[PDB]
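Novice: I would like the atomic coordinates for the input below:
(chains A and B)
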Amino acid sequence: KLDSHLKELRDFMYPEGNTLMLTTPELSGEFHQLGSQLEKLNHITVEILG
Amino acid sequence: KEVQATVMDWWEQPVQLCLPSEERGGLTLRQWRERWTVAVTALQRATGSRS
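Specialist: Residues are numbered from 1 along each chain as shown, chains lettered A, B, ... in the order given. Shown next is the protein structure:
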């Protein structure tokens, strides 16, 4: 039982087997994408004001 | 991109070239602009004021 509990919790926390994951990978990917798109929008804005 | 287009329209004012055959004082707008450009250029040459 102890071995099973340990294996289940570990599988959940280490989805890619090597790294403890605190954020949902799907969410982490979206944050990065949103940050990149905002940086582009800020360039276009600066360029037009200039 | 749309805002950039608006900025462009404000700077070029394209509506001034829409009636070419219209004469006022015996000359067209273009002719008047040309007269203006020659005069502005002559003034700028006299007034040493190198633009």
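Novice: The residue most central in space within chain B is in what secondary structure piece?
Specialist: Nearest residue to the geometric centre of chain B (CA atoms, centre = their mean): residue B:33, 4.9 Å. Using DSSP states H and E, the element containing residue B:33 is helix B:29-46.
Novice: Buried residues in that helix, which are they?
Specialist: Within helix B:29-46, no residue is scored as buried using 16 or more other CB atoms under 10 Å in any protein chain shown. Placement of C-beta: from N, CA and C, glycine included.
Novice: Let me know the secondary structure of residue A:21.
Specialist: On the three-state scheme (DSSP: H, G, I helix; E, B strand; the rest coil), residue A:21 is labelled coil.
Novice: what does the helix or strand harbouring residue A:47 rub up against?
Specialist: Using DSSP H and E, residue A:47 sits within helix A:25-49. Residues outside helix A:25-49 that contact it (CB atoms under 8 Å, 6 or more residues apart in numbering or on different chains): A:15, B:3, B:4, B:7.
Novice: Now list the buried members of those residues.
Specialist: Neighbour-count burial within the contacts of helix A:25-49 applies to none of them; the criterion is 16+ other CB under 10 Å.
Novice: Counting neighbours, what do you get for the closest residue to residue B:29 other than its chain neighbours?
Specialist: Leaving aside its sequence neighbours, residue B:29 sits nearest to residue B:16 (CB to CB, 6 or more residues apart in numbering or on different chains; 6.5 Å). Neighbourhood size, residue B:16 [other CB atoms under 10 Å in any protein chain shown]: 10.
Novice: what about residue B:16, distance to chain A?
Specialist: Per CB to the nearest CB, to the nearest Å, residue B:16 is found 25 Å from chain A.
Novice: Can you name every helix or strand that the helix holding residue B:33 contacts?
Specialist: Using 3 or more CB pairs under 8 Å, 6 or more residues apart in numbering or on different chains; DSSP states H and E as the contact criterion, no helix or strand is in contact with helix B:29-46.
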